[PDB]
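Trainee: Let me begin by handing over the structure; questions about it come next.
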Amino acid sequence: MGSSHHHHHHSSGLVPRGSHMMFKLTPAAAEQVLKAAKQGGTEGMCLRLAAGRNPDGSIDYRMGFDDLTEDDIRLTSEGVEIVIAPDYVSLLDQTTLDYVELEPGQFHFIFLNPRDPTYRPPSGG
């Protein structure tokens, strides 16, 4: 027994718990992922992230649909399910996924990670 008294002895989610990781999949990006799953093939597939970190430099992030692995770290966004393996999570936490076009007309999946500085001012400036 504890201080927090709930009728549900094990909450499934909603408020007490959420995702296994801090992964912000923006509702804007959600439509892009949903749109891809609307095209076909990737319909009943889970969204997976690939971390390709350059040896002491920058982590290059890739996104694609893969197989729903339960031994993989499952996340649930607004309307998309994410799988980030316990190996990739090592570099894929604190990932803020936004939906902006860095290039004209070219909508880029932009991973705003404070871990890998996309914009970093000098020290003491």
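Ligands are numbered from 1 in the order shown, residues from 1 within each chain, and chains are lettered A, B, ... in the order they appear in the structure tokens.
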How would you write, as a ChimeraX atom specification, the set of residues in chain A that DSSP gives as strand (DSSP E)?
Mentor: /A:23-25,46-53,59-66,74-76,81-83,95-103,106-112
Trainee: For segment 97-112 of chain A, list every protein, DNA or RNA residue within 12 Å, evaluated using only C-alpha atoms, and leave out those in the same chain fewer than 2 positions away; present the list as number ranges by chain.
Mentor: A: 22-33, 49-51, 59-64, 77, 91-95, 114-119
Trainee: Output C-alpha atoms for every residue in that selection, as a PDB file, in the first residue's frame.
Mentor:
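Here's the written file selection02.pdb:
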```pdb
ATOM      1  CA  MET A  22      10.650  11.433 -24.144  1.00  0.00           C
ATOM      2  CA  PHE A  23       9.708  11.579 -27.813  1.00  0.00           C
ATOM      3  CA  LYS A  24       7.711  14.565 -28.991  1.00  0.00           C
ATOM      4  CA  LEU A  25       5.986  13.607 -32.207  1.00  0.00           C
ATOM      5  CA  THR A  26       4.213  16.809 -33.200  1.00  0.00           C
ATOM      6  CA  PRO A  27       0.597  16.588 -34.485  1.00  0.00           C
ATOM      7  CA  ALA A  28       1.845  18.290 -37.653  1.00  0.00           C
ATOM      8  CA  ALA A  29       4.436  15.578 -38.273  1.00  0.00           C
ATOM      9  CA  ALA A  30       1.807  13.019 -37.273  1.00  0.00           C
ATOM     10  CA  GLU A  31      -0.144  13.852 -40.426  1.00  0.00           C
ATOM     11  CA  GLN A  32       2.940  13.318 -42.575  1.00  0.00           C
ATOM     12  CA  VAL A  33       3.505   9.897 -41.023  1.00  0.00           C
ATOM     13  CA  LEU A  49      13.872   5.603 -35.878  1.00  0.00           C
ATOM     14  CA  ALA A  50      17.431   4.899 -36.950  1.00  0.00           C
ATOM     15  CA  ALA A  51      20.275   6.691 -35.201  1.00  0.00           C
ATOM     16  CA  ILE A  59      23.946  12.140 -34.879  1.00  0.00           C
ATOM     17  CA  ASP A  60      22.250  11.715 -38.247  1.00  0.00           C
ATOM     18  CA  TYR A  61      18.636  10.690 -37.751  1.00  0.00           C
ATOM     19  CA  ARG A  62      16.564   8.563 -40.120  1.00  0.00           C
ATOM     20  CA  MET A  63      12.859   7.738 -40.011  1.00  0.00           C
ATOM     21  CA  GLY A  64      11.034   4.799 -41.559  1.00  0.00           C
ATOM     22  CA  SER A  77       1.969   9.343 -30.090  1.00  0.00           C
ATOM     23  CA  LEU A  91      20.983   8.508 -28.691  1.00  0.00           C
ATOM     24  CA  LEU A  92      17.278   9.035 -29.403  1.00  0.00           C
ATOM     25  CA  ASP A  93      15.983  10.369 -26.088  1.00  0.00           C
ATOM     26  CA  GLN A  94      14.944  14.030 -25.709  1.00  0.00           C
ATOM     27  CA  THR A  95      13.962  13.962 -29.373  1.00  0.00           C
ATOM     28  CA  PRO A 114      19.414  19.246 -27.270  1.00  0.00           C
ATOM     29  CA  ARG A 115      21.960  16.427 -27.145  1.00  0.00           C
ATOM     30  CA  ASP A 116      23.184  16.939 -30.702  1.00  0.00           C
ATOM     31  CA  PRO A 117      23.398  20.716 -31.274  1.00  0.00           C
ATOM     32  CA  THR A 118      21.850  21.744 -34.576  1.00  0.00           C
ATOM     33  CA  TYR A 119      22.495  25.349 -33.569  1.00  0.00           C
TER      34      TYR A 119
END
```
Trainee: Which value, in Å to one decimal, gives the distance between atom CA of residue 4 of chain A and atom CA of residue 17 of chain A?
Mentor: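 Atom-to-atom, atom CA of residue 4 of chain A and atom CA of residue 17 of chain A are spaced 13.6 Å apart.
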Trainee: For a test of reading the model, state the distance in Å between atom CA of residue 120 of chain A and atom CA of residue 96 of chain A, rounded to one decimal.
Mentor: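 Between atom CA of residue 120 of chain A and atom CA of residue 96 of chain A the gap works out to 16.6 Å.
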Trainee: One number please: atom CA of residue 82 of chain A to atom CA of residue 58 of chain A, in Å, one decimal.
Mentor: 22.6 Å
Trainee: Check chain A with DSSP on the backbone and list each residue it calls helix (DSSP H, G or I), as a ChimeraX atom specification.
Mentor: /A:27-39,89-92
